[PDB]
Amino acid sequence: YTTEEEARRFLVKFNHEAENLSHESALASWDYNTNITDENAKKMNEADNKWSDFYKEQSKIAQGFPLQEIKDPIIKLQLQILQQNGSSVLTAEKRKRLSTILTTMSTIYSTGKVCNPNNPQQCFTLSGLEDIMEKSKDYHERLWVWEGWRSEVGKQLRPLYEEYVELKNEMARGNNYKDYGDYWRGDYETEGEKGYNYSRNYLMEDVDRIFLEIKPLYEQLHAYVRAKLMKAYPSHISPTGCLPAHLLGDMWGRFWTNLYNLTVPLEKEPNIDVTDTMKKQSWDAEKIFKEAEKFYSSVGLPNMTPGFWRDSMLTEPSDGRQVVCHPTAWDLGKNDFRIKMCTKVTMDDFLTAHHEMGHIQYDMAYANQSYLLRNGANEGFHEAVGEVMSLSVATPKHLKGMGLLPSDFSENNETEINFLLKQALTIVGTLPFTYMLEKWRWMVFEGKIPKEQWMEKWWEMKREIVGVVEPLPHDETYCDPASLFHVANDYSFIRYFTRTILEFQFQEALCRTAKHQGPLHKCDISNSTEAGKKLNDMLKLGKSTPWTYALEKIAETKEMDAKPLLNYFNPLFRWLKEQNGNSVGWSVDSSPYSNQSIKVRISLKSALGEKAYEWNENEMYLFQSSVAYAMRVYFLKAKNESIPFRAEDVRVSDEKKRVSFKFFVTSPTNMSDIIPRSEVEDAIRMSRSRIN
Amino acid sequence: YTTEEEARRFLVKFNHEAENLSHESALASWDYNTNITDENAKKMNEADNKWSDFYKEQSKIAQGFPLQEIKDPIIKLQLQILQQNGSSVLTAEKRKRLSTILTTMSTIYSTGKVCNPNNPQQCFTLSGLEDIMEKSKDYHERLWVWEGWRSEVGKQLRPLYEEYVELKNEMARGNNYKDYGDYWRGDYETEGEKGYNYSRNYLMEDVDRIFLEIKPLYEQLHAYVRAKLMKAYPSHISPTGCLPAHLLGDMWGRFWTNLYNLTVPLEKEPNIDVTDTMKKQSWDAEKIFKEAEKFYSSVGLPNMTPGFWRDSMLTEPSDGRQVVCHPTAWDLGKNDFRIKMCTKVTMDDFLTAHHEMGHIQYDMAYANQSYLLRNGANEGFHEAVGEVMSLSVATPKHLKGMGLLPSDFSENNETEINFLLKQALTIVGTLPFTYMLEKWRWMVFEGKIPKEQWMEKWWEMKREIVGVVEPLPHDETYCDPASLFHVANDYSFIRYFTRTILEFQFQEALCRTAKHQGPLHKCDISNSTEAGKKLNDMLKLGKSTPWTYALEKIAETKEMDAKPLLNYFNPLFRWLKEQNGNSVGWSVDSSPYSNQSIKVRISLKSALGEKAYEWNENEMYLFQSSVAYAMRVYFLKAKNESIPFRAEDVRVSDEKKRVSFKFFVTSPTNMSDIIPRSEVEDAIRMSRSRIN
Amino acid sequence: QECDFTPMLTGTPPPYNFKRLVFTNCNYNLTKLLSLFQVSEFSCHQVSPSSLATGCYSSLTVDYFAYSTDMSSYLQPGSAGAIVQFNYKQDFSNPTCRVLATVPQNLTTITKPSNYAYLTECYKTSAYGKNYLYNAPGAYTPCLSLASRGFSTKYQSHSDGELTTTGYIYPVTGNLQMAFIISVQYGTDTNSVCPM
Amino acid sequence: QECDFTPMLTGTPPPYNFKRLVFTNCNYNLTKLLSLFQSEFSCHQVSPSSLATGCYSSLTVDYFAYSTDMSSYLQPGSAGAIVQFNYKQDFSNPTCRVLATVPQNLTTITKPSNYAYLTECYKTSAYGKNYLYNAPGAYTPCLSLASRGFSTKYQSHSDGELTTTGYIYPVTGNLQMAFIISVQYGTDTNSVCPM
Ligand SMILES: *[C@@H]1O[C@H](CO)[C@@H](O[C@@H]2O[C@H](CO)[C@@H](O)[C@H](O)[C@H]2NC(C)=O)[C@H](O)[C@H]1NC(C)=O
Ligand SMILES: *[C@@H]1O[C@H](CO)[C@@H](O[C@@H]2O[C@H](CO)[C@@H](O)[C@H](O)[C@H]2NC(C)=O)[C@H](O)[C@H]1NC(C)=O
Ligand SMILES: *[C@@H]1O[C@H](CO)[C@@H](O[C@@H]2O[C@H](CO)[C@@H](O)[C@H](O)[C@H]2NC(C)=O)[C@H](O)[C@H]1NC(C)=O
Ligand SMILES: *[C@@H]1O[C@H](CO)[C@@H](O[C@@H]2O[C@H](CO)[C@@H](O)[C@H](O)[C@H]2NC(C)=O)[C@H](O)[C@H]1NC(C)=O
Ligand SMILES: *[C@@H]1O[C@H](CO)[C@@H](O)[C@H](O)[C@H]1NC(C)=O
Ligand SMILES: *[C@@H]1O[C@H](CO)[C@@H](O)[C@H](O)[C@H]1NC(C)=O
Ligand SMILES: *[C@@H]1O[C@H](CO)[C@@H](O)[C@H](O)[C@H]1NC(C)=O
Ligand SMILES: *[C@@H]1O[C@H](CO)[C@@H](O)[C@H](O)[C@H]1NC(C)=O
Ligand SMILES: *[C@@H]1O[C@H](CO)[C@@H](O)[C@H](O)[C@H]1NC(C)=O
Ligand SMILES: *[C@@H]1O[C@H](CO)[C@@H](O)[C@H](O)[C@H]1NC(C)=O
Ligand SMILES: *[C@@H]1O[C@H](CO)[C@@H](O)[C@H](O)[C@H]1NC(C)=O
Ligand SMILES: *[C@@H]1O[C@H](CO)[C@@H](O)[C@H](O)[C@H]1NC(C)=O
């Protein structure tokens with residue numbers, strides 16, 4: 001007589017009291033975020049402590065209920081989400097150790113600093129450092145700063161990260177999952193039945209196929225970028241080699257947009273600039289919001305409730321309480337919607353406001369489902385919904401048709417090319433990097449490669465896929481990949497790729513209904529209702545259904561594809577086909593320090609036999625010291641100069657145990673290419689068996 | 001019809017007009033010091049620029065007048081003071097170089113920084129570093145911080161200081177002076193009143209005799225301090241050796257007062273503490289000044305101008321115009337006087353107020369003399385006048401007799417001993433240091449010591465006179481003496497010794513008139529007039545006369561002596577004679593790193609001659625690396641640890657080029673080695689001809 | 001007798017609350033109607049107010065509701081806001097007239113209410129979801145019941161049995177404003193309100 | 001005639017400046033003297049009551065703008081500038097010093113803009129500057145260019161080879177002033193007689 005209605009009643013029970021408490025917690029958080037005061041910290045603490053206490057008590061009382069007896073998928077999803085133990089199966093000491101090490105890593109990342117030998121009393125933090133990286137135009141200084149930051153941050157992050165990954169893998173193994181990689185992979189499909197055969201492991205080959213398909217366009221773009229880059233820095237780029245890592249204009253290389261200034265086809269044609277009209281009209285902060293509301297209502301979706309316009313944060317507080325301008329779409333529930341942002345008069349502000357309003361209007365549509373299901377189907381839809389509208393609104397034709405941008409502008413067959421190139425330098429540039437980083441993190445996690453091969457694997461990979469070569473050889477003690485942000489905060493880093501694909505997937509699918517004629521980049525979401533009906537049908541589902549069902553609802557396909565993406569870039573592909581029609585590709589061998597080093601052949605230990613020994617480190621020590629002494633005496637021999645060469649002036653590289661070395665020497669304080677081959681060759685020839 | 005009355009007319013045209021600009025300029029400086037604003041800054045600029053304009057035009061128009069034709073000493077003094085070329089005889093390029101290097105030295109000193117390998121993200125400046133040195137009581141930490149600051153500051157001050165000394169010597173030579181030392185000595189010099197003979201050279205032997213006489217008391221005090229120090233840090237102080245430099249409590253050792261806590265004979269007897277009376281009565285800032293005025297007038301000196309009491313800076317302004325609380329006694333002239341200080345209720349504030357009152361009294365007592373003579377006779381009187389009164393007012397008997405400190409206190413024969421010890425730990429501690437530093441600077445400037453021996457002499461001296469031994473060997477590249485304050489600001493440093501003698505020189509002679517009975521420390525300047533008359537006779541003379549005559553007026557002697565000083569300490573001397581009556585002295589050989597080092601002297605070169613060459617500061621590198629490798633393999637072979645021994649881990653010591661020297665090894669990251677002799681001896685014996 | 005609504009000027013207007021009043025054979029003057037209040041704004045469903053000055057027919061429908069000026073923009077039915085399905089129904093019937101008013105101070109009998117209050121979410125809770133009820137013509141917010149308790153805080157909410165209610169409180173500043181609805185019923189009968 | 005000083009209530013009192021007032025055989029009542037003003041009186045060991053009888057040589061009435069707090073320094077016990085560089089504190093036949101804070105009843109009295117007392121008037125020379133001092137019966141012999149006036153703090157001006165520098169004290173609230181009564185012994189024609 002129990003069946004599963006006991007679950008039904010228990011569900012109703014937490015439904016009664018979850019919403020209100022969530023409301024007070026969220027309003028306390030907003031109150032802090034608006035006004036910064038000490039008492040607000042105590043308020044949030046006394047709210048969140050009891051909020052988490054309610055989480056823990058309800059979880060511990062909900063654990064005993066069985067799962068295999070559940071038949072209805074709707075309640076089964078909620079029960080499976082709820083009936084989770086996770087880290088609770090871990091003993092306290094290691095849990096607190098994990099928390100402490102995570103906090104230590106965050107703190108050590110937050111307080112970096114790199115200082116030059118020339119003026120050791122002046123130097124920067126990450127902010128001014130990034131500013132210099134963005135503005136500077138000197139090869140030497142940029143290489144220097146990148147190397148300095150990487151060395152300083154890496155040297156203090158090896159053992160901590162090693163222990164972190166060890167403990168995480170142990171936790172994942174103890175949580176019934178094969179590896180932490182599985183645990184992250186235990187999401188983002190986690191379903192499929194009666195029409196859907198797919199499981200967790202299939203994602204690997206899905207992304208592999210997608211990247212393989214997308215490769216050629218990126219290869220062509222890379223060819224063009226390499227061809228153009230040699231203008232700025234001659235005698236540094238091999239015609240068939242890769243590119244220096246530090247020359248990608250950004251700290252890491254996640255975005256290439258900053259290179260646009262250098263790859264502009266020509267400066268003869270000015271771009272679109274209509275800031276004058278709004279600046280002279282001086283639109284109020286509310287005018288843009290009202291216009292955006294009119295635009296969105298033009299497609300049929302319901303407009304926001306009047307109560308929203310009262311409780312809001314449209315303008316600058318103009319009060320002593322300092323606030324941050326990072327746009328946010330606070331969804332408090334119970335039809336309490338608020339937007340936090342400071343408003344100015346710029347196109348970027350316009351598109352950001354449109355994005356935030358898209359966020360909030362998507363959130364509104366599904367308010368009546370439940371509490372636990374108040375979420376997106378995956379990690380990509382929520383941002384995709386805003387991104388599609390943001391892409392649509394920027395089209396010049398609509399801007400001309402809505403009142404701004406008068407008809408005194410005749411577009412040509414090159415301006416759209418410039419717009420497409422600008423979009424491509426960001427939409428596609430980050431895909432190889434994201435793929436490479438995610439793959440490397442996975443394989444490190446499950447333990448396929450031992451710890452000692454981390455850095456030797458990393459640079460090989462960067463040579464293979466992305467097409468970037470290290471500026472200077474790096475030994476094993478470094479921990480380059482930890483210098484990033486998302487690496488040091490244990491944030492899942494797969495959403496970006498799938499989000500970028502689904503964006504254009506939805507764009508093409510929806511534009512299909514509009515019955516456009518020309519290239520997809522000219523599509524519009526102007527007056528229409530069937531498109532709005534389809535969009536509402538998509539959004540209202542929420543988390544109650546598998547996402548593949550949603551794609552079938554619009555995309556009518558059970559999987560993703562790059563065909564819409566390449567179709568959207570077809571004019572760009574044809575334009576680029578006429579510029580690099582002779583050569584394209586790379587070789588994973590060449591490098592800047594390739595024509596400068598010396599072979600330094602190695603004699604076999606067994607050939608010597610007597611008085612022979614394996615390195616066990618500590619011996620290239622002697623080689624470096626001896627060659628440094630030889631160089632010091634060499635300069636005194638005829639050059640009559642007093643350069644105090646040091647021990648760490650010899651660069652080990654490309655070692656195979658007892659099989660080979662390679663090295664070259666650099667000046668104490670101007671390490672770019674100095675001390676060419678001939679000088680060191682003469683110096684080493686001069687000396688005698690005092691070395692070997 | 002010329003004679004020298006033309007000089008009289010010139011001096012009239014000078015004195016009648018040289019005023020009425022200083023007043024306004026100093027008023028602007030006062031306004032800036034009280035009000036911090038940019039308008040005040042530009043006021044100071046526009047005032048001082050024309051002030052220096054007037055100075056330089058007066059100088060350039062006054063140069064042509066002859067000197068040998070002047071017979072009256074009074075006018076001759078003013079003419080000699082006004083007529084001088086100085087740096088004007090230098091080229092513009094050298095002058096700007098000197099200014100730039102001085103500014104660079106000041107800037108680099110003001111922005112020091114040191115911090116530990118353990119927590120590199122946090123580092124300190126001098127302000128908190130001095131506090132850490134003052135409070136910290138850890139041998140390891142204090143030695144570490146001292147070494148770090150010394151290294152960091154010294155490494156960036158060698159070439160600049162070399163250039164500075166070279167240029168200063170050149171310019172001094174170009175100004176008709178043998179050496180810069182002579183130029184500095186030109187301020188103590190004075191002519192004779194037909195029975196006085198005082199040349200610059202005589203000063204050296206005078207100070208030498210004074211120091212030789214004073215030595216025994218300092219020797220006994222040093223014996224007691226050494227005997228006491230071993231309580232805190234056992235197994236660090238040789239019974240007959242010197243003391244570590246970093247253990248002198250203060251950053252450099254310029255004062256010893258901070259050791260009082262450790263050298264207190266016993267804590268059973270509480271000291272004088274009468275803060276309660278004025279803390280509960282809350283003496284206002286005005287009443288302390290009024291009482292000090294009453295005290296000063298009691299001896300017969302004229303009281304301050306009534307107009308003063310309004311225009312002053314007695315209290316805190318209590319506004320946003322931030323001010324600094326350094327006590328100053330500004331003499332604006334034209335009977336305009338001001339005292340600048342923030343007043344609290346403490347004994348130290350009381351004595352500082354009395355000191356400033358003495359300063360202003362002495363300054364005001366003379367106003368009839370011409371402008372150019374409105375200064376002290378030498379560099380010592382102007383502070384000696386205040387210091388003598390400050391010493392006099394601190395006596396407990398007077399404080400009892402003036403209303404405070406009721407008669408409910410019976411002094412014993414030990415409390416006065418504690419007071420005398422407290423005074424001695426500051427009055428006498430700094431004399432050896434000052435003498436040593438001045439001698440070193442003199443000899444370096446004149447040029448007997450070549451540059452290459454700059455640092456080898458300093459530590460010898462510190463072993464000889466003061467009685468301090470370095471904690472770790474220091475090579476030639478260091479620049480220890482420039483890490484101080486006055487050295488980096490080119491301020492003459494000899495005044496302190498003469499002033500320190502002169503306070504007691506005056507005290508004894510003046511108390512002679514009062515007809516005291518007991519020890520001089522019980523003397524008083526209570527109600528009386530003849531002493532005031534003598535003081536007026538001393539002060540009113542001004543700069544119009546040689547200072548030896550001033551001493552003869554009250555001191556009635558042509559030279560200074562330490563006999564009053566030792567007499568003042570006679571009870572202290574007899575008390576200490578009963579504590580170290582067996583052993584006292586030191587040997588300039590012992591050192592902390594003496595029983596833990598091994599000679600290395602093999603005459604490899606001179607023994608054979610072939611395949612070896614003279615030491616060229618380079619093969620030292622080979623030896624360093626070789627011994628580091630030997631230690632590495634010695635640890636790895638059996639101890640099984642990973643200590644990446646560096647190159648900078650072997651300490652080179654005294655050198656003669658005679659193939660003999662010592663050293664010891666140190667841990668990579670502790671700066672305090674243990675590494676007994678046996679281990680390093682075994683490691684070096686294990687190795688083979690790979691090294692030598 | 002006369003079709004007069006004199007006792008209307010008594011005090012606080014209905015906040016979700018509603019009323020219905022009807023008259024009999026009578027005579028009503030246009031002069032008093034004009035003198036009721038000055039011209040702020042009136043919108044009639046394609047019926048001239050002047051033509052209404054003649055003709056005795058079934059009945060009128062007079063009601064005054066607390067409101068505000070700006071929200072009259074959203075008064076016009078062009079969206080599914082909470083005002084129509086989750087608050088007082090915007091009932092559509094025989095052509096009617098809507099009037100906005102800002103009452104002057106000299107009518108001292110009227111009492112200014114403490115604060116405005118319009119419902120946001122009243123619904124019959126269920127297992128899977130919320131199961132929103134939607135207002136219908138001739139229903140007047142069927143939720144009612146526990147809504148009589150009152151509202152005291154922002155987003156104040158309370159539930160009884162299995163009905164849950166929550167509303168919004170709008171503080172009042174300055175002079176208040178009123179909204180008048182005059183819905184008409186045609187046909188001459190005993191209930192008919194006659195002119196003069 | 002009546003030894004009356006009615007025109008004293010005329011306007012601004014003398015600032016270094018001085019004047020001489022004397023009378024002849026007359027009658028004077030103590031009632032008007034008492035009604036003149038209410039604050040502190042100090043006589044040179046002479047009872048004011050005993051002065052109400054007897055006709056003899058003359059009185060010495062003079063009124064000088066001044067401040068209450070500086071009256072402490074008024075008493076000669078120091079070499080402050082008030083005596084040797086400002087109005088002489090002449091000592092003679094026992095006199096009387098009185099302090100006053102004049103009310104506003106009689107508007108004829110005019111409040112001066114600011115007070116002014118000399119600080120340094122001297123005879124400039126070659127080595128020093130001849131800090132000459134005031135003497136009894138001299139009334140600040142410097143004078144001369146001091147009549148020009150003072151405008152700024154520590155304002156200074158010199159003429160020929162005489163240099164002068166004074167102080168300007170802003171006045172807040174009701175003005176304050178002092179009397180001096182130095183009487184001359186002996187009965188004669190100019191003697192002031194009581195009644
Ligand atoms: C490090 O050495 C490089 C190589 O010589 C220097 O770069 C040169 O800088 C000059 C400046 O006039 C340029 O004209 C040359 O073309 C540069 N050479 C190369 C190969 O790029 C660089 O300046 C040195 N850096 C420092 C700090 O001394
Ligand atoms: C400045 O003036 C003072 C007095 O204010 C002079 O002091 C006099 O000096 C003479 C010298 O012969 C003595 O005879 C007097 O007795 C001193 N007078 C007092 C009151 O002490 C002082 O000499 C003057 N200075 C100069 C340089 O002329
Ligand atoms: C450097 O080595 C010294 C060796 O003495 C360490 O000093 C000792 O540290 C231990 C604890 O490790 C204490 O118990 C001893 O009292 C210390 N002093 C001795 C034995 O004389 C010192 O801690 C080391 N430095 C660091 C940073 O670990
Ligand atoms: C949440 O609200 C949506 C609003 O669209 C409801 O959608 C309704 O779905 C039913 C069938 O389940 C249709 O008959 C209605 O026409 C839909 N209403 C629309 C499109 O406005 C949805 O059912 C609600 N969910 C729950 C659990 O009540
Ligand atoms: C989760 O952890 C809890 C608490 O230890 C335990 O009772 C339960 O069996 C675990 N397994 C699942 C599937 O929840
Ligand atoms: C999917 O199909 C494969 C291949 O037949 C099969 O091995 C697997 O069990 C299927 N999985 C599901 C969930 O149907
Ligand atoms: C790019 O060039 C523009 C002008 O075309 C300039 O304002 C801007 O600073 C440059 N840098 C970046 C990063 O855009
Ligand atoms: C919809 O049609 C109206 C008709 O007036 C037109 O003004 C408006 O621009 C159209 N909107 C869009 C988005 O095309
Ligand atoms: C100073 O310089 C001037 C100007 O060149 C010169 O006449 C004079 O001899 C120099 N010497 C002295 C001592 O002033
Ligand atoms: C000091 O005495 C020496 C030695 O007799 C003599 O040469 C010198 O001239 C004297 N100096 C003075 C200033 O009297
Ligand atoms: C000395 O000891 C006293 C207590 O006797 C303490 O307050 C003080 O901090 C110590 N240090 C110094 C430098 O006086
Ligand atoms: C000097 O003696 C007088 C008269 O007894 C007394 O008032 C005064 O305080 C004494 N002064 C000192 C400094 O003791």
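Residue positions begin at 1 at the first shown residue.
Cβ coordinates come from backbone N, Cα and C, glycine included.
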D:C96, D:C121, D:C142: which one closes the disulfide with D:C43 in Swiss-Prot?
-> D:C96
Disulphide bridge to D:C55 as given by Swiss-Prot, partner from D:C142, D:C193 = D:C193
What recorded positions in the list D:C3, D:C96, D:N105 lie within 10 angstroms of D:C55 (disulfide bond), counting C-alpha atoms?
-> none
Residues with Cβ closer than 8 Å to the Cβ of D:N29 (N-linked glycosylation site), same chain and 6+ apart in sequence?
-> D:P194, D:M195
Protein Cβ atoms within 10 Å of D:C193 (disulfide bond), excluding its own | 16
For D:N105 (N-linked glycosylation site), which of the disulfide-bonded residues D:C3, D:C26, D:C43, D:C96, D:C193 has the nearest Cα in space?
-> D:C3
Could you check which of the disulfide-bonded residues (D:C43, D:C96, D:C193) sits closest to D:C26 (disulfide bond), going Cα to Cα?
-> D:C193
Using C-alpha atoms only, work out the spacing between D:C43 (disulfide bond) and D:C193 (disulfide bond) and round it to an integer in Å.
-> 20
Note: in the chain of D:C3 (disulfide bond), residues six or more apart in sequence with C-beta under 8 angstroms of its C-beta are D:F23, D:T24, D:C26, D:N27, D:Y28, D:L59, D:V192, D:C193
So D:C43 (disulfide bond), by the Cβ count within 10 Å over all chains shown, scores 16
Cβ proximity for D:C96 (disulfide bond), under 8 A, sequence spacing 6+, ordered by residue number, returns D:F41, D:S42, D:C43, D:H44, D:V46, D:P48, D:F179, D:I180, D:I181, D:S182
Around D:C55 (disulfide bond), how many other C-beta atoms are within 10 angstroms of its C-beta?
-> 16
